[PDB]
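Undergrad: Here you go, run-v1.pdb (PDB, C-alpha atoms (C1' of nucleotides)):
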ATOM      1  CA  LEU A   1      28.890 -20.413  45.216
ATOM      2  CA  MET A   2      32.475 -21.464  44.570
ATOM      3  CA  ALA A   3      33.141 -18.207  42.701
ATOM      4  CA  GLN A   4      32.602 -14.818  44.296
ATOM      5  CA  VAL A   5      30.323 -12.416  42.453
ATOM      6  CA  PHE A   6      30.930  -8.835  41.380
ATOM      7  CA  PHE A   7      28.075  -6.975  42.988
ATOM      8  CA  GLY A   8      26.872  -3.392  43.225
ATOM      9  CA  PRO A   9      24.451  -0.745  41.981
ATOM     10  CA  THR A  10      24.555   0.568  38.431
ATOM     11  CA  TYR A  11      22.401   3.072  36.563
ATOM     12  CA  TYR A  12      20.212   1.361  33.967
ATOM     13  CA  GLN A  13      17.717   2.902  31.573
ATOM     14  CA  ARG A  14      14.666   1.402  29.883
ATOM     15  CA  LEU A  15      14.581   1.797  26.116
ATOM     16  CA  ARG A  16      11.498   2.412  23.992
ATOM     17  CA  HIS A  17      11.709  -0.934  22.174
ATOM     18  CA  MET A  18       9.336  -3.374  23.866
ATOM     19  CA  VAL A  19       8.386  -6.777  22.512
ATOM     20  CA  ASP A  20       4.642  -6.138  22.702
ATOM     21  CA  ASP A  21       5.112  -3.292  20.210
ATOM     22  CA  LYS A  22       6.956  -5.597  17.792
ATOM     23  CA  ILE A  23       5.183  -8.975  17.916
ATOM     24  CA  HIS A  24       3.124  -9.557  14.787
ATOM     25  CA  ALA A  25       1.482 -12.512  13.054
ATOM     26  CA  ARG A  26      -0.724 -12.878  10.006
ATOM     27  CA  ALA A  27      -2.736 -15.739   8.540
ATOM     28  CA  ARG A  28      -4.876 -13.839   6.026
ATOM     29  CA  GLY A  29      -6.053 -10.273   5.719
ATOM     30  CA  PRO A  30      -6.137  -7.134   3.599
ATOM     31  CA  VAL A  31      -4.306  -7.059   0.274
ATOM     32  CA  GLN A  32      -3.243  -4.257  -2.031
ATOM     33  CA  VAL A  33      -5.678  -3.277  -4.762
ATOM     34  CA  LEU A  34      -3.098  -3.094  -7.558
ATOM     35  CA  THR A  35      -1.137  -6.292  -6.918
ATOM     36  CA  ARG A  36      -3.443  -8.302  -4.609
ATOM     37  CA  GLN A  37      -0.531  -9.088  -2.285
ATOM     38  CA  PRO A  38      -0.523  -8.608   1.495
ATOM     39  CA  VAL A  39      -0.277  -4.991   2.615
ATOM     40  CA  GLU A  40       2.817  -3.586   4.324
ATOM     41  CA  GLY A  41       2.926  -2.801   8.021
ATOM     42  CA  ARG A  42       2.267  -4.318  11.424
ATOM     43  CA  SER A  43      -0.332  -1.634  12.146
ATOM     44  CA  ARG A  44      -2.254  -2.565   8.981
ATOM     45  CA  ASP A  45      -2.138  -6.340   9.609
ATOM     46  CA  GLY A  46       0.358  -6.648   6.786
ATOM     47  CA  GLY A  47       2.513  -9.522   5.649
ATOM     48  CA  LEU A  48       6.218 -10.252   5.775
ATOM     49  CA  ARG A  49       8.471  -9.961   2.752
TER
ATOM     50  CA  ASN B   1      10.474 -12.211 -37.781
ATOM     51  CA  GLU B   2       7.730 -12.178 -40.397
ATOM     52  CA  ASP B   3       5.153 -13.818 -38.126
ATOM     53  CA  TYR B   4       5.858 -12.121 -34.806
ATOM     54  CA  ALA B   5       8.054  -9.001 -35.095
ATOM     55  CA  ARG B   6       7.449  -7.120 -38.321
ATOM     56  CA  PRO B   7       9.513  -3.917 -38.672
ATOM     57  CA  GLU B   8       6.616  -1.568 -39.429
ATOM     58  CA  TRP B   9       4.931  -2.551 -36.158
ATOM     59  CA  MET B  10       7.531  -0.415 -34.359
ATOM     60  CA  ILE B  11       5.448   2.641 -35.352
ATOM     61  CA  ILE B  12       2.288   3.099 -33.289
ATOM     62  CA  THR B  13      -0.884   3.597 -35.323
ATOM     63  CA  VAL B  14      -3.409   2.208 -32.822
ATOM     64  CA  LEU B  15      -2.867   2.355 -29.068
ATOM     65  CA  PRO B  16      -4.087  -0.362 -26.669
ATOM     66  CA  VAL B  17      -5.920   1.031 -23.636
ATOM     67  CA  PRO B  18      -5.265  -1.094 -20.524
ATOM     68  CA  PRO B  19      -8.194  -2.087 -18.306
ATOM     69  CA  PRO B  20      -8.832  -0.284 -15.003
ATOM     70  CA  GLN B  21      -7.183  -3.194 -13.174
ATOM     71  CA  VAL B  22      -3.856  -1.869 -14.457
ATOM     72  CA  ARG B  23      -4.622   1.735 -13.416
ATOM     73  CA  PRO B  24      -6.867   1.531 -10.350
ATOM     74  CA  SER B  25      -8.312   4.644  -8.756
ATOM     75  CA  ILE B  26      -7.663   5.544  -5.094
ATOM     76  CA  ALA B  27     -10.116   7.183  -2.672
ATOM     77  CA  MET B  28      -8.027  10.063  -1.262
ATOM     78  CA  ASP B  29     -10.717  10.841   1.362
ATOM     79  CA  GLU B  30     -14.260   9.772   2.194
ATOM     80  CA  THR B  31     -15.714  11.731  -0.757
ATOM     81  CA  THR B  32     -13.130  12.321  -3.577
ATOM     82  CA  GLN B  33     -11.298   9.615  -5.570
ATOM     83  CA  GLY B  34      -8.112  10.483  -7.488
ATOM     84  CA  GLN B  35      -7.571   9.352 -11.082
ATOM     85  CA  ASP B  36      -4.399   7.273 -11.544
ATOM     86  CA  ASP B  37      -1.429   8.729 -13.402
ATOM     87  CA  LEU B  38      -1.980   6.431 -16.380
ATOM     88  CA  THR B  39      -5.613   7.538 -16.586
ATOM     89  CA  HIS B  40      -4.604  11.201 -16.751
ATOM     90  CA  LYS B  41      -1.925  10.470 -19.346
ATOM     91  CA  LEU B  42      -4.413   8.551 -21.486
ATOM     92  CA  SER B  43      -6.851  11.459 -21.183
ATOM     93  CA  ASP B  44      -4.123  13.827 -22.393
ATOM     94  CA  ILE B  45      -3.277  11.518 -25.298
ATOM     95  CA  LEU B  46      -6.934  11.264 -26.304
ATOM     96  CA  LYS B  47      -7.379  15.045 -26.102
ATOM     97  CA  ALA B  48      -4.368  15.498 -28.370
ATOM     98  CA  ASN B  49      -5.819  12.948 -30.799
ATOM     99  CA  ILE B  50      -9.136  14.811 -30.856
ATOM    100  CA  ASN B  51      -7.280  18.086 -31.398
ATOM    101  CA  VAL B  52      -5.343  16.675 -34.357
ATOM    102  CA  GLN B  53      -8.503  15.258 -35.930
ATOM    103  CA  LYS B  54     -10.367  18.553 -35.502
ATOM    104  CA  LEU B  55      -7.497  20.635 -36.879
ATOM    105  CA  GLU B  56      -6.959  18.394 -39.902
ATOM    106  CA  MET B  57     -10.498  18.605 -41.286
TER
ATOM    107  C1'   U C   1     -40.945 -12.371  19.483
ATOM    108  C1'   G C   2     -37.915  -8.026  18.320
ATOM    109  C1'   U C   3     -33.508  -9.519  16.387
ATOM    110  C1'   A C   4     -27.683  -6.550  15.843
ATOM    111  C1'   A C   5     -22.799  -5.494  12.539
ATOM    112  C1'   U C   6     -18.214  -6.454   8.557
ATOM    113  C1'   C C   7     -14.681  -2.187   6.018
ATOM    114  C1'   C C   8      -9.788   1.286   4.003
ATOM    115  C1'   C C   9      -6.033   5.318   0.324
ATOM    116  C1'   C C  10      -1.890   6.723  -2.033
ATOM    117  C1'   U C  11       2.228   9.428  -2.616
ATOM    118  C1'   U C  12       6.057  11.515  -0.105
ATOM    119  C1'   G C  13       9.542  12.793   3.585
ATOM    120  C1'   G C  14      11.775  12.211   7.987
ATOM    121  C1'   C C  15      13.193   9.696  12.052
ATOM    122  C1'   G C  16      14.686   5.359  13.788
ATOM    123  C1'   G C  17      15.906  -0.786  14.972
ATOM    124  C1'   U C  18      18.949  -5.256  13.481
ATOM    125  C1'   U C  19      23.125  -6.596  10.928
TER
END
Could you rewrite the structure in this file as structure tokens?
TA:
Amino acid sequence: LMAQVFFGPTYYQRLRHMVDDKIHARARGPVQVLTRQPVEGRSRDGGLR
Amino acid sequence: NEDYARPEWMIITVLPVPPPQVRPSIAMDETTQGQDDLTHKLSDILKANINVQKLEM
RNA sequence: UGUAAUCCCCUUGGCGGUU
């Protein structure tokens, strides 16, 4: 490489936010009883606002 | 407006009772459903109406 | 011929993530 590279060990930490705990998709599913709109929440297979 | 908004209609003499779709009940657990807030308020209103009718006669 | 099952609160409060 034409440019030299800064290089060495550094302390890194893994945070709790992982993509597989955030990915969510919905085509159709449960709806609220009062308004008949998609429910809220990824855990409940809800929709996006 | 004579046809649509008559002044004496601002005093309630008959109350419309909404269908259960407006005040749905919720199953709090596997055995007991809770009445909605509107259902309880309508029950209180009807009890007061019955009380007034009984007292008057 | 023995023929397999379809359904989910609400309110509240807190803690957070991205700006």
Undergrad: For the provided coordinates, the residues matched by the PyMOL selection byres ((chain C and resi 4-19) around 6) should be stated as a VMD selection string.
TA: chain B and resid 26 to 28
Undergrad: Considering all atoms listed in the file, extract the chain B residues located within 8 Å of chain A and return them as JSON, numbers by chain.
TA: {"B": [21, 22, 23, 24]}
Undergrad: What residues in chain B lie within 12 Å of chain C, counting only C-alpha atoms (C1' of nucleotides), written as a PyMOL selection string?
TA: chain B and resi 24-37
Undergrad: Record the distance separating CA of residue 15 in chain A and CA of residue 47 in chain A, expressed in Å with one decimal.
TA: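 CA of residue 47 in chain A lies 26.3 Å from CA of residue 15 in chain A.
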Undergrad: Calculate how many Å separate CA of residue 16 in chain A from CA of residue 49 in chain A, rounding to one decimal.
TA: 24.8 Å
Undergrad: Do you have the CA of residue 43 in chain B-CA of residue 14 in chain B distance handy?
TA: 15.3 Å
Undergrad: Using all atoms listed in the file, determine which residues lie at most 12 Å from residue 48 in chain A, disregarding the query and same-chain residues fewer than 2 positions distant; provide the list as a VMD selection string.
TA: chain A and resid 24 to 28 37 to 42 44 to 46
